[PDB]
Amino acid sequence: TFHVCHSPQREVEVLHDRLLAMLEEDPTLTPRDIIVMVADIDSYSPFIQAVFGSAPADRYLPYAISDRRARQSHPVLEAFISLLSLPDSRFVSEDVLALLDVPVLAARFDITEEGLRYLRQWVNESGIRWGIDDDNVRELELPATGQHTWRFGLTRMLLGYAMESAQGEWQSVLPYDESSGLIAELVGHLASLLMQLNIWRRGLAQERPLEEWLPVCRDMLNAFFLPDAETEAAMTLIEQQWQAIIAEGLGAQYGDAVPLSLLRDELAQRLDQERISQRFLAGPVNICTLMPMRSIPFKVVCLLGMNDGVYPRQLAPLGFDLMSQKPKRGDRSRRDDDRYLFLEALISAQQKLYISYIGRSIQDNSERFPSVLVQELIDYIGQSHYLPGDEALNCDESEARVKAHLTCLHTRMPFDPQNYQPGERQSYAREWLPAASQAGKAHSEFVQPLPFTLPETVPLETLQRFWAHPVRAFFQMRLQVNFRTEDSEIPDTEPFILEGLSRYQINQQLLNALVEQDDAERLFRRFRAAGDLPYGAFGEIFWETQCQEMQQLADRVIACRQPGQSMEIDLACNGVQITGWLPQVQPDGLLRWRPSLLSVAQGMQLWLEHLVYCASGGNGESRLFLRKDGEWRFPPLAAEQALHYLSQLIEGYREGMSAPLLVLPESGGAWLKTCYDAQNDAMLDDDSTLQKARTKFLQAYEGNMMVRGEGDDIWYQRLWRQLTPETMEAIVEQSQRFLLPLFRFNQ
Amino acid sequence: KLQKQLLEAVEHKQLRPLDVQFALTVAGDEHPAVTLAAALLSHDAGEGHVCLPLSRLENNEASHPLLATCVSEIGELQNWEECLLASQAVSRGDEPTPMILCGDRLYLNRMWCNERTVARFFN
Amino acid sequence: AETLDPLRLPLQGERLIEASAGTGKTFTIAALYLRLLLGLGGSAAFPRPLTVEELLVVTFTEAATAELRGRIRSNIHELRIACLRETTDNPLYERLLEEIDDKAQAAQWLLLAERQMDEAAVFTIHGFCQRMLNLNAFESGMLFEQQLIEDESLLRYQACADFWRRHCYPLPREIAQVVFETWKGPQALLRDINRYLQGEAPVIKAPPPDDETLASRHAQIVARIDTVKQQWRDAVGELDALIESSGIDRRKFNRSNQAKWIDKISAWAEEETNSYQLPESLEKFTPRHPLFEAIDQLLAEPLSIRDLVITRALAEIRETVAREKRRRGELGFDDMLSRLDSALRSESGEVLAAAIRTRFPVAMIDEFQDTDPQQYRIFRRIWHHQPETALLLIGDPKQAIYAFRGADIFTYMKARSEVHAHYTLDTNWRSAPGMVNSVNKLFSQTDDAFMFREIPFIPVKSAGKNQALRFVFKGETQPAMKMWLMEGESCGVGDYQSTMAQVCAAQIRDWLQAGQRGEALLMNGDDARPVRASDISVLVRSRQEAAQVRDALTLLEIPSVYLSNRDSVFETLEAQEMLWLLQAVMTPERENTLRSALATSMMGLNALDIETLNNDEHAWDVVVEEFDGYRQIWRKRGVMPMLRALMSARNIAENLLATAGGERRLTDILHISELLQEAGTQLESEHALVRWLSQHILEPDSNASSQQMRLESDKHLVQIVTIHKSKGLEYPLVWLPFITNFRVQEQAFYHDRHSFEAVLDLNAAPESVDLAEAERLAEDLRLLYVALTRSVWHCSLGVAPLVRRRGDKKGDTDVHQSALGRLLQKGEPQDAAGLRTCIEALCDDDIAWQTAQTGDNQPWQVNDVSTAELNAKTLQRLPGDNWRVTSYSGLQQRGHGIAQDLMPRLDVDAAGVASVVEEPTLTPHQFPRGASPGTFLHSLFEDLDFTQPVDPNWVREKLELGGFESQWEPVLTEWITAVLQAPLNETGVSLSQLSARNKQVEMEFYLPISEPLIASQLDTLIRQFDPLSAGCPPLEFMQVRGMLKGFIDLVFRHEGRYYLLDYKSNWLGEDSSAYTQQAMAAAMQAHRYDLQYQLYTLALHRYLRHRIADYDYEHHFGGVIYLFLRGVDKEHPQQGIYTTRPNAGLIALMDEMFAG
């Protein structure tokens, strides 16, 4: 037979069902008598392993792969090779932790995943990015900064273990804070391992003769690894190869000295030449490649991967060889060796045969072609036989009919109904049956009306955290799910710049610590001892421009900043006891500051604070100092409006917990400033003016190519993919209805 | 210097890798007496006891042949207060140093801060 | 530009062939291949017939190589069959058969060629240069094994970081202040230099000399500015300029502003009041001082360190990357091409060129329009001369749309200037007779429509066979091309896109509904057929507009397929989705990451489901249990079975198929699962796979392997294709909605018009911008030509007066900047009326126009059809038997896994972990534990000279080569003599009295057993006939059948009376009293070594009954002798040794028990 297929995965999935059909049809057949001859086992082992491990219990037949490359304990073997690649390394934290992730190397120093989870965030937040030591820095011909290194990180961790982080620097290194309790033994184990690595990389540098190269492999294995019930075979194989190569070099009477990079790259190449073939005739189905000088008679022979350009396997002569130019009888070549192996594989089969190959690409549905040997076999089969239907029609037409009858073009996807239609090419799978019979139900909508009642005590901080961002607070407050992204992988570079999210978070921390108008030199020295600012002049420039901006801002801050007090609010509104504390409250009014740009969210937080203050006393203006001529302004109001609007906000809160309240304040603030003015107190109704307001709203929603928009967010992406006209009209109307609080409150 | 002695003491299972690496880090290339004092300070702070008499650290001879260990400078510098003040990493407690000597006992800076704050809150 | 026929082309020297669109390039190549393989042409033929492996063809892409190979093989087979039969039907085959004289010789040559075809050279440029380098490695200076790599982004990042740390840290504050506003950091440096880091080095115009230092440039700028500062300091104190009233009265304020400005020179930018004292400022609105011209001398030249630092970085980073890759031993495609170019250009190039030219004395460079200067230099250097060697270039200059790939058109222009021969093709085998005339009328308007000199458009003609092509829509016929025109005066991009997508979708559904009833017929002559959903295919040029037209077309209820995305799968949502799922299933104990995976969009839950999962605790417990089970399935059997079980349990495959717009997500899910399995097999851990996934999400590359597959093909859908990957395909009906959109090139990168050499400019000269914009317009014209010519029967498109100027409307449009506008308006700007009348000028019997108006009637009529019912097949009997081959591993339990498969001769029976027990004295009891010392002690004794005494130098050499410390020699050299002289069994003792004729080491046996061995039935006879079987833990085995395996250590004889000897090294018996006849007897039962007794005695008996005739067990056997290597004193008899003898009836019973 011949089976044209699309992908290797689909080839092996077809072969499994065909083998099962043959085994069920023939009452006298054994898995001992079936062979599958892949052209190269390295590219077909994962798919075969996956499907033959995923076959269920009532459909299972045993299997055994042979003739792989001589690496089975891959973590141990590549870990050992990476240990031999020490003096050329750069010692990044991800590589060092990759050595820790090996279970044998982790259990050597008696640390588990319960400690590894601590050491991940320890090395992430402690500032350990670059190499091990100043010598390692200098051997790469780079300026020895002495900061953000392994020695720096371990000194910082142990100094933070000894002394609290509020005592400042002692030897120009700020102490760390978390590693203080009964958890520092993991840090000690890591430090001991790092010391061992430093000693061995110092010992691995200089060239040695063979007589001195003799014991270093055994010393390395015993010093680093730990023998187990299984790894000892791999250790014995490694020792045997190392001993064999060095003993041959010694016996060949070599007297000079050799570098380590020669023996390492020779061992790593002699490892990948042996094979393992002691599971060949064990009883399961025999999976093996095409090897010469081996022709065992079997019952069913299956060949996979007969693509053009894959078989016969090619190997070029060395060029300066002399047997190529002058051939004779006894010469042997890989091409004719494989060409004769095909004939032996055709002769050795006794009962059936099964040839499969990719015939169509799965990416673009293009055309591919089989090998020349398969083409010649099919041509001879077509030219030697004829179907009994057309006894005398035509030679070429009969050939075409036979070649079309023998070939069986399989389907492209597993859940196609043609697989499960009754007939000859029926499948044995059952997990795709409801997906192929179209017997499922579609997805519903994520948001649903959830019954939420209002308790008698909501704290002020909960309301502030809700009204900072209502949709996100609904996600991480009512149903406690946040889409926290993957953890930030430890960067391979020191902090050069401060931009983007790094600007936001780190610069927010730096400015919020810098506001307090005290001595700046001590604070700058402490933050540079912490190892956050860039190196030298660039950090000085950044600190100076931040100082000359923030002193200008602090001038207008202190120009009216009379020191006030901090009071406490207890109040009963709608039968609810709102409690909270007040920062920066004074008899003058509301004067605040937050080192960021001007935003209606900030203005609305100030508005809430002003309303709760006016509900409990509270006469005075509402200002909050911001950058780029930042200003907020509204006169104080009366208790009637204060209580009315407070009740309206509490009702909005109790509705937004139950339902996904649509409030987009900044785009809504832009549409507020466009439509509603302080001179008309009525929205415009002209089509051109309303479309201009829509234009301002949409540019605030999604930005141009220069800047990013508010709507481009993970939460809004989760709610909907695109902004259809129906839902944007719904957004405008829901703004006009529920943002109408903010519409009236802020002008 | 004495790092192999500390390693074989760890092999004898009375000092921890945390203690020896901490002592090595905080002392650098200081005197043998200072390194052994730091190591025993780390061990006795890890066992729980905050007290650490000088007489005990000079007459214990438990984890090592400490007589032959402390005979590494000229003669036998028994003035442990002077040899402890001589090191730059240790002061009397005014400078921000991890090692504090206040009541004729050497203990860590964090314990000293906790004791001082709890004493001031008691009075 | 002569008419070309493949049967009369002279195959000598250099040639050049330009084939029009839809002409049969692959056909002409195959015809020339056959002609060269036969050596035909008469006076214009090659001197000798060549062979298969001496016809080099450099084909562009791998799919094209595969198709070319298939077409060549099929043509050779058909030509051989036709030459055998002497008759054919194909006209070219008839002409060739008339040309050939010797039919039998031709048949033999074609047969040999067809058999030789499995090694033919239809290759690419990289696959060619790689083999030529690996062949002439002596001339080229290369290694003999190179590991390829394609990740150069990290190398570029490390090189730029090293440059930043090398030439920006020693700089002082007053210079770091200068460079800071010039650029922020290495991120911006890479963002500015990445497009020029790779490829051919761009020739920098006006470069600084190499002697200049950045500090020297800073000092030069400082000198140039305080010169004019000193001149102003001299010139203050007078007002001698021209007094005018129309200016500002605060000119004296400006003078005082400059005068108080002269304090410091630390700044780099000058003040804004210096722009009104220049000669330009005086002539736009009286010399009297030389400062009047000195300020012009200052302001005539810009000031920047940008050019210097960019030159230094561009000259350093590439060499650093090359040096690091050379040091670590890797290779790449660009590196191979550059290395071949350098080796051919250098002094050793002559012998290399001779070898290549005598290896491949012909070449057909396919797709010549996409050519690099390096490849052209190589081809020129190899085949520019040395006659009786030919070269045939083939390419179409009008379809060179691969400028972003790295190709260049000016190299082709220089090649066209150099080559003195020109040929072209005229016929068109695909398009419509009205379509070719419409394209000719559209493109033959002006002179040199492609705005260059060496690209002349010529008319083409259709074939006489396709003269009956037509298209009828409800009766009357239809014109070929038909623009659709927006009504208005100004337009915007979003409204343009919306109205054109809606009009396109409306016309598509109208066509489909009018053709489903057999009314809209694609008539060809007298035949007829109705249209379907496969013929209609729009042509978009970008993914966002593809998605927009997809949403519009499914809003009018039409399914659609997207074909030719270039980006990878890893940039979509599914990659982050599986990253979250894998992060949750790796550590399912954390409630936060468990709930963050339970709320994910493909699981298909709701807020009520999350609420009822959060409040209840038993549901949470069983979710944690099932996720732990999934993690266990992962840790045992890889990634793909875990995901398959998860999908089959959580119904995701059916849910995403019942939900519309989810089959694409399912296909992407399967692709990411397959790629994850492929990577995780070759990786070593699980967190490494997670990091691999996250890193590939962070870096969405655009390689040739990680692209998007087409989602489905079961039902024909309308194909939204991309212009670039539509090159070479064919569709009956097309649509071009967004053809009147353009982009304005801004960066300075232009080619010189005299020498065709690429020139890089680092200044803001408008000449560079105009020269770049001209090339951009030419590229857009060629892309428009491709998109126009892909059609066959009909081609509609939409023209609108697009204006992107900041001002609203002034009357003049910028549509002449577009590829269609520059052609329609003949190059000059016009108005809407001029656009309409120049459209109406070309409305003559083949081209029509209409105003686009939106008409909504109905979505569609789907015509739902149900077919049948289906079922899955059943398995009705047991899959397999329990045949096995065991090597004494039934009794020793599992845990000893693939160790036996890795090392067959390993000391399996020794295990444990060592410690430190270092007593100062050395004793054999202190030999270290493990398997390596055991397999050393066992490997010591096979090859010895037992009769002769042992040599100490041999012991020292063995201990030195074994990786052991060489001080063990005096202890071992007496231990060997102690163990070699034991009194074993009162005869045959003291093994040194055994010759080499009486020994046989390391035997291997095989015992076939039928009648499956019940574990109880073996022990039920062992326990009776042996006192050591008091301790009874039996049935440690299961039912097994098949062979048996095992190793006998040594077997000898002493006047008959054979023996079985066994060395066993074991645990640290630190005292000699721990190896007595009671301790060993206890350990025998504690380790179950008693089975080896009966198994080995039966194996040796079954061999003696075959070898020795007239064999008696009692008269010939004698027993089995066990020893223990550790614990053999000098003179301590019967210590460490153990002797046992079987019962001589148990063997006779167990033999027939095994074999029947």
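Following Swiss-Prot, chain C residues are numbered 5-289, 304-1174, in order.
Recorded method for this deposit: electron microscopy, 3.7 Å.
Cβ from N, Cα, C; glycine included.
What Swiss-Prot records for the ATP site is C:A23, C:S24, C:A25, C:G26, C:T27, C:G28, C:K29, C:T30, and among C:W401, C:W447, C:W502 the residue it adds there is C:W447. When the candidates C:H834, C:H914, C:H943, C:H956 are compared with the Mg(2+) site entry in Swiss-Prot, which names C:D1067, C:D1080, C:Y1081, the shared residue is C:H956.
Residues C:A23, C:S24, C:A25, C:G26, C:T27, C:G28, C:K29, C:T30, C:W447 make up the record's ATP site, and a Cβ search at 8 Å around their centroid adds C:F31, C:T32, C:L443, C:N446, C:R448 from the same chain. Counting other Cβ atoms within 10 Å of each Cβ, the binding-site residues C:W447, C:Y1081 show the lowest value at C:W447. Spatially close to C:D1067 (Mg(2+) binding site) yet at least six residues away along the chain are C:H956, C:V1019, C:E1020, C:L1078, C:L1079, C:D1080, C:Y1081, judged by Cβ distances under 8 angstroms.
Non-local neighbourhood of C:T27 (ATP binding site): C:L443, C:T445, C:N446, C:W447, each in the same chain, at least six residues away, with C-beta under 8 Å from its C-beta.
Around the Cβ of C:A23 (ATP binding site), the same chain contributes C:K29, C:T32, C:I412, C:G413, C:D414, C:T442, C:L443, each under 8 angstroms and 6 or more positions distant in sequence. The 10 Å shell around the Cβ of C:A25 (ATP binding site) contains 20 further Cβ atoms across the protein chains shown. In this structure the residues listed as binding ATP are C:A23, C:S24, C:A25, C:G26, C:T27, C:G28, C:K29, C:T30, C:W447; their two most distant Cα atoms lie 13 Å apart. Cβ neighbours within 10 Å of C:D1080 (Mg(2+) binding site), excluding its own Cβ and spanning all shown chains: 18. Using the Cβ center of C:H956, C:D1067, C:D1080, C:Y1081 for Mg(2+), the list of other same-chain residues with Cβ within 8 Å runs, in sequence order, C:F959, C:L1068, C:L1079, C:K1082, C:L1141. Taking the Cβ of C:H956 (Mg(2+) binding site) as centre and 10 Å as the limit, one finds 18 other Cβ atoms among all the protein chains shown. Taking all protein chains in view, 20 other C-beta atoms sit within 10 angstroms of the C-beta of C:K29 (ATP binding site).
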